[PDB]
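One structure below.
Number of protein chains: 6
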Amino acid sequence: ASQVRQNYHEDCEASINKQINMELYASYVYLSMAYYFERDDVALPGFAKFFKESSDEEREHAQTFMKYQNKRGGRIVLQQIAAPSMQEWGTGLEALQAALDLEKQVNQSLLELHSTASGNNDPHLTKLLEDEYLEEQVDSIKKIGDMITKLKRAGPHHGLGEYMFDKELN
Amino acid sequence: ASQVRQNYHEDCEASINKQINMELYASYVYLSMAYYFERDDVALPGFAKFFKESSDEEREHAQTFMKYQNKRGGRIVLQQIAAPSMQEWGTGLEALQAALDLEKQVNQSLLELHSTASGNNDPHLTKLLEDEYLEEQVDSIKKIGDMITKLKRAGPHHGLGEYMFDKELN
Amino acid sequence: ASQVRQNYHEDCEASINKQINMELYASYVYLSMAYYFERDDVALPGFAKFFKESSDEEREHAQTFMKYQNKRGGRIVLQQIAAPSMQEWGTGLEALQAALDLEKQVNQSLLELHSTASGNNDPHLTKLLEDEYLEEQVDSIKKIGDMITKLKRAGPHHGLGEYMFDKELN
Amino acid sequence: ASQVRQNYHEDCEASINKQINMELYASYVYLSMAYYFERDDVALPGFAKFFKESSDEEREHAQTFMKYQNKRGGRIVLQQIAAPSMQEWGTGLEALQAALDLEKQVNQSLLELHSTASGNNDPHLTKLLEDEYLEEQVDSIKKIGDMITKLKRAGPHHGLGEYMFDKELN
Amino acid sequence: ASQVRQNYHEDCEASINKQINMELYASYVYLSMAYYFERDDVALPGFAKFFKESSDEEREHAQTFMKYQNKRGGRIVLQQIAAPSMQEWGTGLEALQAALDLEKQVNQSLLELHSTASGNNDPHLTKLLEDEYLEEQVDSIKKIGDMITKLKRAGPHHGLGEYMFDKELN
Amino acid sequence: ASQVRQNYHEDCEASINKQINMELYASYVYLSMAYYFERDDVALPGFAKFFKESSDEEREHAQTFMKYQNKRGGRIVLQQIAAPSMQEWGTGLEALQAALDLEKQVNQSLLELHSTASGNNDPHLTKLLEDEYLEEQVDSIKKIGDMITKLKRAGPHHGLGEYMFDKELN
Ligand SMILES: [Fe+3]
Ligand SMILES: [Fe+3]
Ligand SMILES: [Fe+3]
Ligand SMILES: [Fe+3]
Ligand SMILES: [Fe+3]
Ligand SMILES: [Fe+3]
Ligand code: NI
Ligand code: NI
Ligand code: NI
Ligand code: NI
Ligand code: NI
Ligand code: NI
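The listed protein sequences correspond, in order, to chains A, B, C, D, E and F.
Numbering-wise, the working numbering puts 41 at position 41 of the first sequence, and it's gapless, one number per residue.
Numbering-wise, the working numbering puts 283 at position 113 of the second sequence, and it's gapless, one number per residue.
Numbering-wise, the working numbering puts 468 at position 128 of the third sequence, and it's gapless, one number per residue.
Numbering-wise, the working numbering puts 670 at position 160 of the fourth sequence, and it's gapless, one number per residue.
Numbering-wise, the working numbering puts 708 at position 28 of the fifth sequence, and it's gapless, one number per residue.
Numbering-wise, the working numbering puts 970 at position 120 of the sixth sequence, and it's gapless, one number per residue.
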C-alpha cells in the first residue's frame, strides 16, 4: 500500500471518490445554468454571474477532495460526469429552487460521508468535512434560501421584480 | 451617604434606575427585530441593520444613565429585563410602527423624568435629559415617521416596494 | 418547516435558545460589575474596563448563537433576562471569583449542549461549539484563574496590592 | 427562432455543441493527469502544474464556445462528460505523449468544424476558429512536441533526467 | 484541585505528559540528523536545514502541549529524553525513511490520544488534536513521502542525484 | 580519521560531547521552570518569559558546540537528557537561586573544559570557550545575582514585592 497511508479505511476512500464525482456534477449543473442566463432570450446577467461563480467553487471543492485523497494515500478514481438534469432552467426562482435542492442533496451526501468517517474513527476526515465542506454547505443553503425569499418578495415571475432582483446579484 | 452626592433627590435616583431598565428593554426589543429580519423566510437585510444599530444605541443610552447615576452619587439597581412583547414582527411596516410606538413610550417616560427633575430643582439632571435624551428621541421619532411614510408610498405590503425600500436602509 | 432546515433536531434548537438567554444574562452580570467598579466609593477603573469588555463579548456571543439559529432554520425565542444575582460585588477578588464561577457555569452548559448535538449526530453544531465557544471559554477560565492568583499575590484585600493590580488591567 | 440568429446553420450549431463536450472532456483528462502527478508515489510537481493549467484552459475553451453559441442564437446542449481513458498515466513522457495525441485529436475536430463552417459560408465562425482555437492548438502541439524531445534528451525513464526536466515546468 | 480544571480526565492529563516527552524526543532525533548532515564527510546542507527546522517545530509542538496542560489545569511532568536510536543516519534516503517511520509513530500516538479524549467526552481536547496536531502530522507524512519518491527518482544512493536533490531542500 | 582534523585531542572531543549534554540539560531545566510559572496557581509571566529565553539560549549554546565538534572533525555523540531535578520550583526567589547554582555548575564544567584544552595545547578551543561561553556565563551569573538581590529587596516571599518584581522581567 501507500507509504503514507495510515488509519484510512477503504470505505472512506471510496466515498471520497463518490463525492468527487458529485462535486464535479454540481459544478456542471451550475455551468449549465450560468450560460442559460446569458441566452439572448433570458438576459439575466446577475443570475449568470452567481451561477458561474458557484460552478467555479464546486470545481474547487472537487479538487480539494482530490488533494485530500492523495494526501491520505487513497487513489483517485474519476467517473463519467452526468449531463445536467435540465438544459433549460426556467425563471430565476426556478433555478434557485433547483440549486437549493441540489445543495441540500450534496449536504446529505456530505453528512453521510461524515458518518462513514466517524464510524471508522477517522478524526482527520471528520475535521476536513466539518471545516471545509459542512460549514460552507450550510452558509450556501442559507444564502440561497434568503435569495428565494427576496425574489418571492420582489416578484418572482418574469417581470420588474425579477429584473430588479437580478441587479442585486450583478 | 456618598461623598459626592449633592442636590440629588431620592426620587430622581429611583426614576433613573427605572429609565435604565426601560432603555435596556428597548435595546432588547430592537435586538429581537434585528434577527427576525435575518430569518431565511424574511430576508430584509436593510431592516435588520437598522434595528441592530438601534439596539446598540439603546444599550449605550442605558450605560449613559448608569454613568450618570454613579456621577451624581446614586446607586444603580438593575432589574429583570422583560422578554420582548413579540417574537415575530410581521412586515417592515409593522415593525416600524411598533418601533414608533416604543420610541414615543420612551419619550413619555423621559418627559416625566424631566418633570421629576424640574420639580426637585435639579438643573443638572434636566440638562442631561434635554441634551442627551430628549433631542435624540425627537429626531428618532421624526426619522421613523419619515420611514413609515416612505414605505407606505413605496408599497408597504410584502412586495416590490418593501424590497426596494429595504435597499434604502442597507 | 424552514426551506433551509436539514439535520437540525428540535432539542438542539431549544438548547440554543436556552444558551442565548444565558449568554445575555452573563453579559448583564458583567455590565453590573463594570459600573459597580466605577462607583465613586470603589474607583477601580481597570476592573471596570475588564468587565465592560466581557459584557460586550458575551452579548456578541449571544448574537452569534442567534445568527446560528437562523442559519440552521431554527426560530429564535427570547426570554426574560434575570436580574444579576448581586447588585454590589465586593472587592476585585470577589468579583473575579464570581466571574470564574459564572464562566465555569456557562462552560458546563456549553459542554451539555455539545453532548446534545453529538447525541443527535449534528457535526455542524458540534463544530460551532468547539471552534467558537469551548475554545474561548477555556481561555477565559484560565485567564481569570491567572488574575485571581496574581491578585492573591499582590494583596487581595482593599489595599495597595489591589490598587497596583488594578493598573495591570487598565 | 432566436431574434439574433442570422446566417447560422443548424449543422454548425450542432458541431459547436459537440466541440463543447470535447473541450470539457480534454479538461477532465488534464485534471486527471494533474492529480496523478501529485500522488505521493509519483511526486512530479512540475508536470502536475503543467496539466492543471491545461485543464483550466480547456475549460475556458469550452466556455468560449458556450458564449459563442449564445452569441449566434444557437442553443447549448450539454452532454455527459466521459471518464478519462486512463486513471494512471505512467511516466511524464507517457503523459506528454497522451496529451500530444489528444491535442492532435482536438485539432482534427476543429479543422473539421472549420470545414463545416466554410461549407455553409459562415465567415464569422471560421474567424472564431482561426483566431481563438486553431492558432492556440498549433502552438500547444509545438510546445508539447518540444517538451517530449527535451524529456527524451534529458532521460525519459524514471530517473535523474525526468527529475531535472520536471523542474523546468515548475 | 486546580481552580480552572473542568471536564479534564486524569487519563488525558497523563497521556498529554506522555506526548510531551515524545515530541521532545522527536525534536532530539531531528537535531541529531541535522548536525549529522553537517559533518565534513556528509556535507548535505539541504537535508541539514530540513531536519533542523523539523527539530525546531517538534520542540514547538511539545511546548503547545505544555501550554495546553496548564490551560486545562493539568500538571506538567517532564521525564528523561531518550538518546536518539542512531548516532549516524546513513544516506539522505535512509534518514527520510527513518523520519517517515517516526512521523507515523507520532501520528499513531496522537490518534490514540484522540481516542482517549473522545472516550472521556472531552471535545476541547479532541479539537486541539485535530486542529493543531493531526492536520500537521498528515501533511508532514505526505511531504516526506513525496521527498522519498523524488529522491528515489533522482538517484537515492550517494551520487549526483542525491547531490541535486539536496539543492531542492536548501 | 577526518580529512579536516588537526590538533584536536580525543579528550577535548569527548569533553565537548559531555558539555553538549549539559547544555541540553540546562535548556530542559529552564523549559520546566518556564511553564511552571505559567501554571494558573503561579501566574508569574515575567519569570516565565525570563526562563523561556534562557531555555532557548542554552539550546543554542548546545548547537554551537555541535557545530564546533563538526568543524574540528570530532564526532557528535548524543546521550539521554536527564529529567529536571525538580518538577515544581517554588517562588521566584527559589527558582533564581536554583538557576544561579546551575549557571555556576555549567561555568565550572566550562572552566574544566578550558583546562583540558589548555593542557592539550589547543588554542582554537580555548578561544571558543573564552569568546563564546566563559564571557556569557559570567554575565549570566552577575545578572542572576543582581536579580536575586533585587527580589530580596522588593520582598522575596509570595507577596506584592514578588508581583512588582515580576513586572520588571515582562
Ligand atoms: Fe461543494
Ligand atoms: Fe434611548
Ligand atoms: Fe460566552
Ligand atoms: Fe481547447
Ligand atoms: Fe509533532
Ligand atoms: Fe550555556
Ligand atoms: Ni413563473
Ligand atoms: Ni400587510
Ligand atoms: Ni476581603
Ligand atoms: Ni519507461
Ligand atoms: Ni545506499
Ligand atoms: Ni518563601
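Cβ coordinates follow ideal geometry from the N, Cα and C atoms, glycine included.
Close-in-space but distant-in-sequence residues of the same chain around residue i (CB under 8 Å, 5 per side omitted)
i	result
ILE20 (chain A)	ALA62, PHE65, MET66, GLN69, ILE76 and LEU78
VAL308 (chain B)	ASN277
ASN347 (chain C)	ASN461, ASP462 and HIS464
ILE991 (chain F)	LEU950, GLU953, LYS954 and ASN957
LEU474 (chain C)	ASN447, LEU450, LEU451 and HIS454
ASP181 (chain B)	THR286 and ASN290
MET426 (chain C)	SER372 and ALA438
For residue i, the three-state DSSP class (helix, strand or coil)
i	result
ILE76 (chain A)	coil
Contacting residues, own chain, Cβ-Cβ under 6 Å from residue i (five flanking each side not counted)
i	result
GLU162 (chain A)	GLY92
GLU873 (chain F)	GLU908, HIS911 and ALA912
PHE335 (chain B)	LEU321 and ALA324
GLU38 (chain A)	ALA48
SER32 (chain A)	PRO84
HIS349 (chain C)	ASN460
Residue burial classification, residue i (beta-carbon count within 10 angstroms, cutoff 16)
i	result
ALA43 (chain A)	exposed
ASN527 (chain D)	buried
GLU733 (chain E)	exposed
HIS667 (chain D)	exposed
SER285 (chain B)	exposed
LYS977 (chain F)	exposed
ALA876 (chain F)	buried
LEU793 (chain E)	buried
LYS847 (chain E)	exposed
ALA524 (chain D)	exposed
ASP210 (chain B)	buried
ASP486 (chain C)	buried
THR149 (chain A)	buried
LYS751 (chain E)	buried
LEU500 (chain C)	exposed
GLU810 (chain E)	buried
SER288 (chain B)	exposed
Nonlocal neighbours in the same chain, by C-beta distance under 7 Å from residue i, ignoring five residues either side
i	result
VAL854 (chain F)	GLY923
residue 501 (chain D)	Residue 501 (chain D) is absent from the model: chain D starts at 511 and stops at 680.
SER852 (chain F)	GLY923
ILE144 (chain A)	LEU96, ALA99, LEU100 and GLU103
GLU132 (chain A)	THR64
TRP599 (chain D)	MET543, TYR546, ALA605 and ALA608
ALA592 (chain D)	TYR535
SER905 (chain F)	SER877, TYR880, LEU881 and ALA884
Any residue with its C-beta under 7 Å from a non-hydrogen atom of ligand 9 counts. Can you list them all in chain order?
My final list is C:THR431, C:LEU433, C:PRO496, C:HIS497 and C:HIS498.
Under 7 Å (Cβ pairs) to chain B, residues found in the segment 378 to 402 of chain C
Identification of residues in the segment 378 to 402 of chain C having a C-beta nearer than 7 Å to some C-beta of chain B yields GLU378, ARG379, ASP380 and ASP381, given in sequence order.
Near-chain E residues of the segment 860 to 880 of chain F (beta-carbon distance less than 9 Å), N- to C-terminal order
Taking 9 Å as the Cβ-Cβ cut-off, the segment 860 to 880 of chain F approaches chain E at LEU874 and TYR878, given in chain order.
Using Cβ-Cβ distances below 8 Å, what residues of the segment 758 to 784 of chain E are close to chain A?
Among the residues of the segment 758 to 784 of chain E, those with a Cβ less than 8 Å away from any Cβ of chain A are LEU780 and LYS784, in the order of the chain.
Note down, in chain order, all residues in the segment 131 to 142 of chain A with a beta-carbon under 9 Å from any beta-carbon belonging to chain C.
Within the segment 131 to 142 of chain A, contact with chain C at the beta-carbon level (separation under 9 Å) is assigned to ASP131, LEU134, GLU135, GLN137, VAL138, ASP139, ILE141 and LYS142.
Near-chain C residues of the segment 111 to 124 of chain A (beta-carbon distance less than 9 Å), N- to C-terminal order:
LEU111, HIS114, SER115 and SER118: these are the residues of the segment 111 to 124 of chain A whose beta carbon lies less than 9 Å from some beta carbon of chain C, given in chain order.
Any residues in the segment 403 to 417 of chain C with a beta carbon nearer than 9 Å to a beta carbon of chain A? Which ones, in chain order?
The residues in question are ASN410, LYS411, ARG412 and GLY413.
Which residues of the segment 483 to 494 of chain C have a Cβ closer than 7 Å to any Cβ of chain F? Give them in chain order.
Result list: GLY485, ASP486, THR489, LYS490, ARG493 and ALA494.
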